[PDB]
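Undergrad: Shown below is the structure under consideration.
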Amino acid sequence: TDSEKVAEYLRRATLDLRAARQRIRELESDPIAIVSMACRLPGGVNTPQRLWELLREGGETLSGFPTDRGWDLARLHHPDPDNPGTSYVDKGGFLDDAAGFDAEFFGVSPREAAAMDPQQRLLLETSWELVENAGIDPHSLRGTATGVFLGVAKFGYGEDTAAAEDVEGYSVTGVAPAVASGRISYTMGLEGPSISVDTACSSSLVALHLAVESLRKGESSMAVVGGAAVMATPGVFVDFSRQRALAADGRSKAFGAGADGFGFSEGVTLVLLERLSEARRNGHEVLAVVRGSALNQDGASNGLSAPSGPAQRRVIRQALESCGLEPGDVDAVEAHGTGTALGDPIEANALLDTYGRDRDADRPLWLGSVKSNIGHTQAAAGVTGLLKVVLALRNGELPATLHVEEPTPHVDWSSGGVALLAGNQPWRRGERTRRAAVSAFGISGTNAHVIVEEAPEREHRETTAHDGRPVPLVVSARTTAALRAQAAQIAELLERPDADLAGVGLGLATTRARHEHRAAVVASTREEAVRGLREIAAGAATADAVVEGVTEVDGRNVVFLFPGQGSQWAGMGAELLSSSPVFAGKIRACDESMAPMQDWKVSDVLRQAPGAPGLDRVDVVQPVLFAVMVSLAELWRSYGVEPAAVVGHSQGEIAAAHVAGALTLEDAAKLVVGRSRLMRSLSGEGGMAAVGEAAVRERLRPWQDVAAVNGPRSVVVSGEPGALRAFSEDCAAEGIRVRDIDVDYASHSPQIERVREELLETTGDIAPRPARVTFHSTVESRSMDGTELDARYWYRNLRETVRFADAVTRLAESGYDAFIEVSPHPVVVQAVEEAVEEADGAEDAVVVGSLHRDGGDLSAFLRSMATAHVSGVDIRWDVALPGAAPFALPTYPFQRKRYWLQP
């Protein structure tokens with residue numbers, strides 16, 4: 001009615017208003033989470049943990065000049081501050097040797113690797129480490145919309161050397177700021193925008209602001225924000241010593257007596273950013289959150305490179321207003337202090353003017369710096385300050401600044417608004433939310449201020465699911481040495497008292513990319529896993545529960561095989577039934593489908609229950625084998641291995657018919673039961689023998705009884721007992737070995753003709769349906785259809801020979817490479833391997849069984865799966881690990897080599 005539709009319109013208007021306001025808020029200000037970080041810093045620091053330890057303990061990283069870079073150390077040093085071409089400063093914080101690199105991992109000709117400056121190499125390594133640390137498989141990032149923003153300079157590597165053969169143009173592209181991010185995106189295969197920016201020594205925060213804006217707009221889904229600065233020539237030192245703007249001992253003493261120049265240092269630092277909602281929805285880890293930022297310029301001020309207080313006050317107020325907060329909601333501020341005798345007083349006065357005014361007397365703002373123990377880092381200053389703030393938030397402590405024992409008399413600390421950090425002070429999580437600010441000032445006159453806030457409450461929800469079940473471990477690398485180093489790392493990590501085996505397994509399974517060289521170990525106890533890892537890291541692997549291989553392709557066409565009689569070994573399972581739920585469910589369903597006609601249950605026979613039929617009977621051999629085979633096929637399919645082709649053999653073809661989907665389970669079970677019941681009557685009229693096809697064919701001339709051929713030397717002969725015995729004695733006289741098979745008749749012989757049409761009455765109502773797989777018959781050696789199977793086809797199958805080898809060779813020539821068996825015991829693996837080798841197909845063909853006569857446990861199945869996986873077949877291991885949680889893991893063990901350009 002009218003009122004109903006008017007009320008509906010009112011409701012729609014209200015809902016749309018809510019949505020519009022929410023969208024406006026999302027576009028204006030949306031929290032952005034920090035996922036992970038990576039860094040390389042002087043003093044042998046390459047992990048955030050080491051940096052936090054150094055900051056908390058309290059220490060410096062001062063050092064002497066490098067030597068491998070070829071600098072003229074003897075002549076460069078001179079005590080005269082006015083001597084041209086020299087400097088009066090010899091100490092400094094110099095980063096670890098940069099000539100190391102692993103060109104083969106990324107893939108680069110050694111000449112090109114020598115061409116590139118160390119900045120791009122370190123950027124590549126740090127980017128890979130950063131991606132790995134976040135818990136994201138790097139190969140999963142291909143084709144996404146990830147963007148790169150970073151601050152790079154042109155310090156001047158590799159210009160003294162003259163030009164040479166450069167047809168590839170390596171020299172031009174080696175040293176260029178844009179090419180750095182270009183190469184990063186090219187190697188990682190990203191597709192978002194790539195930006196290289198540089199604004200004095202505050203470039204990193206500008207890049208962070210740009211990335212935040214891009215993420216809020218929605219143009220990109222991920223952001224990689226970083227800064228890099230590595231010196232190559234000592235020209236910068238001479239240039240700055242010309243101005244006498246360097247400390248006497250190279251120590252930065254921000255906010256303290258005896259302020260001097262700023263010590264110099266190198267470093268690279270990157271972080272990964274994503275929207276808070278997306279990170280929460282995707283289950284990533286959140287460490288902190290960024291609220292807002294602001295930018296401005298000093299404008300017309302005294303001189304060119306001189307700080308301006310009003311600009312800093314305005315930018316701080318702008319950032320605070322943009323965040324929608326109040327100045328009384330900040331606990332600590334990471335100040336930008338280079339130790340200069342002029343910038344520090346004005347910076348501190350501005351900070352006291354803005355935050356200090358109206359500050360609570362009992363809650364002073366804590367002031368500190370990071371450069372007091374690592375020195376200036378040029379474009380990487382802001383990101384390093386953010387790193388320190390993040391670490392302090394995570395550990396709940398505030399590191400104390402150094403060289404502060406007499407505060408600068410210019411700054412009036414008597415107001416009490418701002419308190420200077422002296423010793424470590426606890427900052428544990430409590431009621432009031434914890435926040436911090438980071439500021440950065442550039443030489444060109446640009447200013448940046450960023451507000452960071454603690455992560456929300458942890459979800460917790462910690463559960464345990466380890467029950468002693470077997471666990472697989474997979475390792476992979478692009479080189480043998482790298483593989484061994486990774487194995488050693490995992491082995492030493494597993495010895496911790498925690499040693500969450502399920503967590504380590506899951507992390508190895510679903511966080512690290514798989515490379516050419518692969519290896520796997522299946523273990524159920526920590527001691528045996530450590531033993532296997534030590535063995536594989538030793539260089540030579542001999543243990544059975546240890547597999548390894550080399551593979552290039554990452555996708556194979558799968559063909560299932562269903563061999564006939566031959567395995568029938570007492571006990572099919574009795575350990576899977578308890579463990580595997582899918583296997584037990586399939587067995588129970590198959591038993592219920594065929595339950596009507598007979599009485600004894602398949603499960604009871606398998607479980608060796610008392611009062612069950614013995615295994616020496618056709619009526620119990622056939623359906624039990626069929627059920628076991630179909631259950632094993634279902635179990636294999638449960639791990640994401642869908643067969644592209646299906647091949648049967650003898651009665652196994654029936655099981656194949658069910659795998660192809662061309663028949664119903666009940667109808668197939670009825671067929672098997674009827675065949676067994678009709679055939680059991682024809683007992684004691686023949687036998688099989690295994691043994692030169694033409695030679696054996698012509699040797700059968702004296703008699704009138706050939707069963708199947710499975711290879712060049714795989715010949716099966718079915719014959720009447722008298723003539724079979726005579727031929728066996730003749731072969732024994734010849735000396736060629738002959739083995740009989742467990743059978744009370746001779747199938748595919750004239751004995752089959754006795755029943756013949758009697759099968760037809762028992763084989764009515766066999767209405768088939770089209771099959772979604774490529775079932776290929778071994779009788780006609782031709783691909784079949786979903787309706788060509790009839791009682792006539794089954795009778796023909798029970799009467800003619802099998803050209804199994806011909807079908808195998810045809811499939812091998814077709815293009816299929818992955819061959820996998822299903823029977824409880826392998827009986828055809830050797831013949832299939834020989835036939836594949838004799839064919840002209842690819843040499844990457846893989847043949848692997850399912851179980852073994854002695855090995856019938858879930859561990860054996862996992863070992864077979866690992867053997868198939870290390871050769872190229874895709875396997876989703878995470879299914880085998882239910883209810884597990886990930887774990888922290890070490891990064892890739894690069895194999896570095898020296899690559900430097902000697903002037």
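Chain identifiers are assigned as A, B, and so on, following the order in which chains appear in the structure tokens; residues are numbered from 1 within each chain, and ligands are numbered from 1 in order of appearance.
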Skip range 344-352 of chain A itself and residues of its chain fewer than 4 positions away, then list as an MDAnalysis selection string all residues within 6 Å of it, counting only C-alpha atoms.
TA: chainID A and resid 309 356 411
Undergrad: Store the residues of this selection in a file with C-alpha atoms, as a JSON list (two decimals), in the first residue's frame.
TA:
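File written: part.json
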```
[["chain", "number", "residue", "atom", "x", "y", "z"],
["A", 309, "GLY", "CA", 59.80, 27.00, 14.56],
["A", 356, "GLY", "CA", 54.15, 21.06, 26.73],
["A", 411, "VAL", "CA", 65.99, 24.84, 26.55]]
```
Undergrad: Looking only at the backbone, which of the residues in range 420-632 of chain A does DSSP tag as strand (DSSP E), as a PyMOL selection string?
TA: chain A and resi 420+425-426+435-441+446-454+471-477+517-523+547-550+558-561
Undergrad: With N, CA and C atoms retained, could you export that selection as a short mmCIF file (atom, residue, chain, number, x, y, z; two decimals), in the first residue's frame?
TA:
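Done, and the output landed in again-v1.cif:
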```
data_model
loop_
_atom_site.label_atom_id
_atom_site.label_comp_id
_atom_site.auth_asym_id
_atom_site.auth_seq_id
_atom_site.Cartn_x
_atom_site.Cartn_y
_atom_site.Cartn_z
N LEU A 420 62.93 14.66 29.70
CA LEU A 420 63.91 14.02 28.84
C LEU A 420 64.24 12.63 29.37
N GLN A 425 62.21 3.03 31.15
CA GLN A 425 61.00 3.17 31.95
C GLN A 425 59.93 2.23 31.41
N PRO A 426 59.23 1.50 32.27
CA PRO A 426 58.21 0.57 31.78
C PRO A 426 57.06 1.32 31.11
N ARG A 435 50.17 5.76 22.54
CA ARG A 435 50.39 6.40 21.25
C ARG A 435 51.76 7.06 21.24
N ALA A 436 52.22 7.40 20.04
CA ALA A 436 53.53 8.04 19.89
C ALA A 436 53.54 8.84 18.60
N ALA A 437 54.56 9.70 18.47
CA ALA A 437 54.72 10.55 17.31
C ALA A 437 56.15 10.50 16.81
N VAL A 438 56.32 10.65 15.50
CA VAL A 438 57.63 10.66 14.86
C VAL A 438 57.71 11.88 13.95
N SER A 439 58.81 12.63 14.05
CA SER A 439 58.99 13.84 13.27
C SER A 439 60.30 13.77 12.49
N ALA A 440 60.30 14.37 11.31
CA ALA A 440 61.49 14.39 10.46
C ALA A 440 61.56 15.72 9.72
N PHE A 441 62.74 16.34 9.73
CA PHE A 441 62.97 17.62 9.08
C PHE A 441 64.04 17.47 8.02
N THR A 446 61.42 20.61 3.85
CA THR A 446 60.18 19.87 4.01
C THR A 446 60.14 19.22 5.39
N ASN A 447 58.94 19.16 5.96
CA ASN A 447 58.75 18.65 7.31
C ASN A 447 57.69 17.56 7.29
N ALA A 448 57.85 16.57 8.17
CA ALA A 448 56.91 15.45 8.24
C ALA A 448 56.67 15.07 9.69
N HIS A 449 55.43 14.69 9.99
CA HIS A 449 55.02 14.32 11.34
C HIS A 449 53.96 13.23 11.24
N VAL A 450 54.19 12.10 11.91
CA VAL A 450 53.35 10.92 11.78
C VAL A 450 52.96 10.43 13.17
N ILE A 451 51.70 10.03 13.32
CA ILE A 451 51.15 9.57 14.59
C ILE A 451 50.93 8.06 14.50
N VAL A 452 51.47 7.33 15.47
CA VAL A 452 51.37 5.88 15.51
C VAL A 452 50.68 5.47 16.81
N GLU A 453 49.92 4.38 16.73
CA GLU A 453 49.10 3.91 17.84
C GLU A 453 49.25 2.40 17.96
N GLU A 454 49.05 1.90 19.18
CA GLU A 454 49.23 0.48 19.45
C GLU A 454 48.15 -0.35 18.77
N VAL A 471 53.93 -36.46 11.08
CA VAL A 471 53.98 -35.10 10.56
C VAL A 471 55.02 -35.03 9.44
N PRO A 472 54.68 -34.43 8.30
CA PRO A 472 55.66 -34.24 7.23
C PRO A 472 56.33 -32.88 7.29
N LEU A 473 57.59 -32.85 6.85
CA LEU A 473 58.37 -31.62 6.79
C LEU A 473 58.98 -31.52 5.40
N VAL A 474 58.82 -30.36 4.77
CA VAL A 474 59.28 -30.14 3.40
C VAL A 474 60.23 -28.95 3.40
N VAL A 475 61.37 -29.11 2.73
CA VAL A 475 62.34 -28.05 2.56
C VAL A 475 62.65 -27.92 1.08
N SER A 476 62.98 -26.71 0.65
CA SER A 476 63.26 -26.47 -0.75
C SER A 476 64.21 -25.28 -0.88
N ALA A 477 65.01 -25.31 -1.94
CA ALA A 477 65.95 -24.24 -2.23
C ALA A 477 66.36 -24.34 -3.69
N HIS A 517 65.37 -27.54 -6.13
CA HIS A 517 65.82 -28.60 -5.23
C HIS A 517 64.84 -28.74 -4.08
N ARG A 518 64.35 -29.96 -3.86
CA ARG A 518 63.36 -30.22 -2.84
C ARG A 518 63.76 -31.44 -2.02
N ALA A 519 63.26 -31.49 -0.79
CA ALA A 519 63.49 -32.63 0.08
C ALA A 519 62.39 -32.68 1.13
N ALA A 520 62.20 -33.87 1.70
CA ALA A 520 61.11 -34.09 2.63
C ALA A 520 61.46 -35.21 3.60
N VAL A 521 60.99 -35.04 4.84
CA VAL A 521 61.18 -36.02 5.91
C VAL A 521 59.87 -36.18 6.66
N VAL A 522 59.44 -37.42 6.86
CA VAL A 522 58.22 -37.73 7.59
C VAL A 522 58.62 -38.27 8.96
N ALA A 523 58.15 -37.62 10.02
CA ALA A 523 58.57 -37.99 11.36
C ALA A 523 57.43 -37.76 12.34
N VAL A 547 63.60 -38.24 1.68
CA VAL A 547 63.50 -38.18 0.23
C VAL A 547 63.96 -36.81 -0.24
N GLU A 548 64.42 -36.76 -1.49
CA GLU A 548 64.90 -35.51 -2.08
C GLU A 548 64.91 -35.66 -3.59
N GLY A 549 65.02 -34.53 -4.28
CA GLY A 549 65.01 -34.55 -5.73
C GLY A 549 65.17 -33.17 -6.31
N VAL A 550 65.24 -33.14 -7.64
CA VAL A 550 65.38 -31.91 -8.42
C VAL A 550 64.30 -31.90 -9.48
N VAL A 558 48.27 -36.47 -14.61
CA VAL A 558 48.22 -37.62 -13.72
C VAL A 558 47.39 -38.72 -14.35
N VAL A 559 47.91 -39.94 -14.31
CA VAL A 559 47.23 -41.12 -14.82
C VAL A 559 47.19 -42.16 -13.71
N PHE A 560 45.99 -42.54 -13.29
CA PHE A 560 45.84 -43.58 -12.29
C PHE A 560 45.93 -44.96 -12.94
N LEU A 561 46.52 -45.90 -12.21
CA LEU A 561 46.67 -47.27 -12.66
C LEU A 561 45.98 -48.21 -11.68
#
```
Undergrad: Report as a list in words all protein, DNA and RNA residues lying within 10 Å of residue 769 in chain A, evaluated on only C-alpha atoms, omitting residues in the same chain fewer than 6 positions from it.
TA: residues 661, 662, 663, 664, 785, 786, 787, 788 and 789 of chain A
Undergrad: Would you mind reading off the distance between CA of residue 319 in chain A and CA of residue 295 in chain A, one decimal, in Å?
TA: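 Value for the CA of residue 319 in chain A-CA of residue 295 in chain A distance: 8.2 Å.
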Undergrad: Could you tell me how far CA of residue 618 in chain A sits from CA of residue 749 in chain A, in Å to one decimal place?
TA: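 Going from CA of residue 749 in chain A over to CA of residue 618 in chain A, I get 17.7 Å.
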Undergrad: Find the residues around range 157-172 of chain A up to 12 Å (only C-alpha atoms counted), leave out those fewer than 6 positions away in its own chain, and share them as a list in words.
TA: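 In the requested form, the answer reads residues 69, 108, 109, 110, 111, 112, 113, 114, 115, 116, 117, 118, 119, 120, 178, 179, 229, 230, 231, 232, 233, 234, 235, 899, 900, 901, 902 and 903 of chain A.
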Undergrad: Just the residues within 9 Å of residue 262 in chain A, please, counting only C-alpha atoms, with nothing from its chain fewer than 6 positions along; format it as an mmCIF file with N, CA, C and O atoms, in the first residue's frame.
TA:
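Full text of out.cif as output:
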```
data_model
loop_
_atom_site.group_PDB
_atom_site.id
_atom_site.type_symbol
_atom_site.label_atom_id
_atom_site.label_comp_id
_atom_site.auth_asym_id
_atom_site.auth_seq_id
_atom_site.Cartn_x
_atom_site.Cartn_y
_atom_site.Cartn_z
ATOM 1 N N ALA A 245 81.201 20.923 9.761
ATOM 2 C CA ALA A 245 79.896 20.577 10.313
ATOM 3 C C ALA A 245 79.853 19.121 10.762
ATOM 4 O O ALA A 245 78.829 18.447 10.641
ATOM 5 N N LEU A 246 80.968 18.622 11.286
ATOM 6 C CA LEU A 246 81.068 17.243 11.736
ATOM 7 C C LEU A 246 81.568 17.207 13.171
ATOM 8 O O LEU A 246 82.339 18.069 13.599
ATOM 9 N N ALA A 247 81.119 16.198 13.911
ATOM 10 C CA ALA A 247 81.548 16.030 15.289
ATOM 11 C C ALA A 247 83.027 15.670 15.350
ATOM 12 O O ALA A 247 83.587 15.085 14.420
ATOM 13 N N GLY A 250 82.663 12.012 15.923
ATOM 14 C CA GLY A 250 81.606 11.363 15.176
ATOM 15 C C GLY A 250 80.441 10.879 16.006
ATOM 16 O O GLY A 250 79.729 9.966 15.581
ATOM 17 N N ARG A 251 80.222 11.462 17.180
ATOM 18 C CA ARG A 251 79.129 11.077 18.061
ATOM 19 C C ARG A 251 78.064 12.163 18.063
ATOM 20 O O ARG A 251 78.372 13.339 18.283
ATOM 21 N N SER A 252 76.818 11.767 17.824
ATOM 22 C CA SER A 252 75.699 12.695 17.898
ATOM 23 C C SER A 252 75.219 12.801 19.339
ATOM 24 O O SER A 252 74.967 11.788 19.996
ATOM 25 N N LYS A 253 75.089 14.031 19.827
ATOM 26 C CA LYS A 253 74.796 14.311 21.228
ATOM 27 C C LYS A 253 73.573 15.206 21.348
ATOM 28 O O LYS A 253 73.592 16.244 22.011
ATOM 29 N N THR A 338 69.835 15.737 15.313
ATOM 30 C CA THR A 338 71.134 15.416 14.742
ATOM 31 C C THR A 338 72.291 15.845 15.629
ATOM 32 O O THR A 338 73.448 15.608 15.271
ATOM 33 N N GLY A 339 72.012 16.465 16.771
ATOM 34 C CA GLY A 339 73.065 16.958 17.630
ATOM 35 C C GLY A 339 73.622 18.308 17.247
ATOM 36 O O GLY A 339 74.578 18.766 17.881
ATOM 37 N N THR A 340 73.057 18.959 16.234
ATOM 38 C CA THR A 340 73.542 20.267 15.820
ATOM 39 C C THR A 340 73.348 21.283 16.938
ATOM 40 O O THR A 340 72.350 21.255 17.661
ATOM 41 N N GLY A 375 73.645 7.138 14.972
ATOM 42 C CA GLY A 375 74.062 8.208 14.093
ATOM 43 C C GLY A 375 73.079 8.467 12.969
ATOM 44 O O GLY A 375 72.065 7.789 12.800
ATOM 45 N N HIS A 376 73.402 9.488 12.180
ATOM 46 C CA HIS A 376 72.565 9.870 11.053
ATOM 47 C C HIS A 376 72.601 8.801 9.967
ATOM 48 O O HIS A 376 73.624 8.150 9.736
#
```
Undergrad: I'd like the neighbourhood of residue 681 in chain A as a PDB file with C-alpha atoms, in the first residue's frame, where a residue qualifies if any of its atoms comes within 12 Å (using only C-alpha atoms), though same-chain residues fewer than 6 positions away should be ignored.
TA:
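File produced: out_11.pdb:
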```pdb
ATOM      1  CA  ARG A 617      38.346 -67.545  -1.813  1.00  0.00           C
ATOM      2  CA  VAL A 618      37.407 -65.718  -5.005  1.00  0.00           C
ATOM      3  CA  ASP A 619      34.144 -64.454  -3.500  1.00  0.00           C
ATOM      4  CA  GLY A 674      28.044 -61.732  -9.759  1.00  0.00           C
ATOM      5  CA  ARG A 675      31.325 -62.269 -11.593  1.00  0.00           C
ATOM      6  CA  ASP A 744      42.230 -71.729  -9.369  1.00  0.00           C
ATOM      7  CA  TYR A 745      41.476 -71.327 -13.090  1.00  0.00           C
ATOM      8  CA  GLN A 751      37.744 -72.131 -20.123  1.00  0.00           C
ATOM      9  CA  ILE A 752      35.925 -68.778 -20.008  1.00  0.00           C
ATOM     10  CA  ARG A 754      32.025 -72.497 -20.639  1.00  0.00           C
ATOM     11  CA  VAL A 755      29.861 -69.875 -18.913  1.00  0.00           C
TER      12      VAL A 755
END
```
Undergrad: Near range 691-694 of chain A, counting only C-alpha atoms, which residues have an atom at most 6 Å away, once you skip same-chain residues fewer than 3 positions from it, shown as a VMD selection string?
TA: chain A and resid 697 715 738
Undergrad: Can you spit out the residues from that selection as a compact mmCIF listing (two decimals), in the first residue's frame, using C-alpha atoms?
TA:
```
# COMPACT_ATOMS: atom_id res chain seq x y z
CA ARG A 697 54.22 -67.79 -28.66
CA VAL A 715 54.48 -62.26 -20.47
CA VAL A 738 58.70 -68.88 -14.19
```
Undergrad: Just checking: using only C-alpha atoms, which residue out of A:649, A:677, A:357, A:428 ends up closest to residue 759 in chain A?
TA: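 Looking at the shortest contact to residue 759 in chain A, the residue is A:677.
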Undergrad: Enumerate, as a PyMOL selection string, the complete set of residues in range 557-707 of chain A that a backbone-based DSSP assignment places in alpha helix (DSSP H).
TA: chain A and resi 576-579+581-594+602-606+618-637+652-659+665-681+693-699
Undergrad: Nearest residue to residue 714 in chain A out of A:804, A:414, A:640, A:271, using only C-alpha atoms?
TA: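 Under the stated criterion, the closest residue is A:804.
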Undergrad: Counting only C-alpha atoms, which of A:562, A:569, A:149, A:52 gets nearest to residue 127 in chain A?
TA: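 When distances to residue 127 in chain A are compared using only C-alpha atoms, the smallest one comes from A:149.
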